[PDB]
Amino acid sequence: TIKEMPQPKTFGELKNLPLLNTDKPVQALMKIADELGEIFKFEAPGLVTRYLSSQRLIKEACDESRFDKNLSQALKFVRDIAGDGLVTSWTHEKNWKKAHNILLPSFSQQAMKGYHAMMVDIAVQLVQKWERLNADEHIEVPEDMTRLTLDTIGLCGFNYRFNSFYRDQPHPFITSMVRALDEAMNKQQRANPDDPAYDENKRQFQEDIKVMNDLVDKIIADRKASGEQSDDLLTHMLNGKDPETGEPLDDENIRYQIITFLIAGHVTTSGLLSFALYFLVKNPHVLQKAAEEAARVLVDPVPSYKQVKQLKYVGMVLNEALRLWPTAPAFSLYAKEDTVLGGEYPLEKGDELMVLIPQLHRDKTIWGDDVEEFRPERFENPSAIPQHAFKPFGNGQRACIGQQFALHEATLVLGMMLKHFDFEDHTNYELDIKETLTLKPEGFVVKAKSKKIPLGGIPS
């Protein structure tokens, strides 16, 4: 059967574009998806795309045989920041597979074990910051989580210490990065993007990128110092070669991968930890159960690699946080050839799709009517999940390469947090999600009372 696709309000020649005149576009698309269902067509000037919400359709979309990764109009703009790095590359581009085969070992199981000691190093610093707060002080959660995840990838991946916890205002890299990423997101709303009204937006974007590359200059210059016994993500960028081609990365592409992993390797993990702690203080019984698991397993002054993989409820808690609000909320696709989607929606070649991940994770077909509630107990048995129903890390060979890096870090930090502190919703925070392509709760503050359990490190 062939069915016609529902389409939201059209505003003449701008088509659907004025519908996204909000600083919360993903959440607006969720509102739309509620009123139109599993799929709807979205039209902008020059561009058309189809948003998906149902596990049924989306599981067909993840067929690598039928569909390859498309670059969103978002990603085409982020490409101005990250070039042809792993995230913003075409699959058919010759720098993807190259950098993929070169860098994939950096996220192997034996690689991950090397990162732990450094993950703890920055984790210790976060814990000790909260341990040293005075009585009348609030914890700006997403701000401290950003400090944590930036230093982690900065140290694990490049042996470079941002020293975020030694700073008042965010590191100049964070400031420029957000503005740069805010531009790409806000740029999607501009009929005539080259109208000189935006020449100011183009000038600040230039500055932001100048700052970020100045930091990359620091990282490269500091490695050639040296910089010797290191076998981290940066080492493989410089010395490693692609098997198929026998070629290393260029002068240019290397810089792009650094920018890529500095952004991608922290921004969504900052959001995950922020969302996770938010739900825990909004569901204290879940908080209790989780904090009880933390007290049970974390028996040494600092967690071991073995212990972090024993915290499965903490891992469950994070998955459930990734379910309700996937910090990387969407990824695009295109049909490799002509086909029909869901056996009822004909697709031409070159047609773009959008996997609306938050709406996907809300498919009542898979999780029940119990959707909007926060229950980590959904993930007690992973094999009970009709997969392609839970994809917070994308799909296929273009799925998140740092998925295990993220979850291990997050579980570790969240674990140490529960072991060492109790938490009170000090301001009774109503959830306010800020969009910057990625998702993150904004203005969310807490109070932390110390359980008087000391530390003692640090290995590496």
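From 1 onward, residues are counted along the sequence shown.
Taking only CA atoms, the mean B-factor in the PDB entry is higher for 248 to 256 than for the other of 248 to 256 and 119 to 127. Legend: mean Cα B-factor per stretch from the PDB entry, 218 to 226 versus 78 to 86; the higher mean is in 218 to 226. The residue among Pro301, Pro142, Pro326, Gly157 whose C-alpha carries the highest B-factor in the deposited model is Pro301.
Per the deposited record, the Cα B-factor of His420 falls in the middle third when ranked against the other modelled residues of its chain. The PDB entry assigns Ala197 a C-alpha temperature factor belonging to the highest third of its chain's modelled residues. Among all modelled residues in this chain, the alpha-carbon of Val446 has a temperature factor (C-alpha) in the lowest third. Ranked against the other modelled residues of its chain, the C-alpha B-factor of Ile32 as given in the entry falls in the middle third. In the PDB entry, a CA B factor belonging to the lowest third of its chain's modelled residues is recorded for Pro392.
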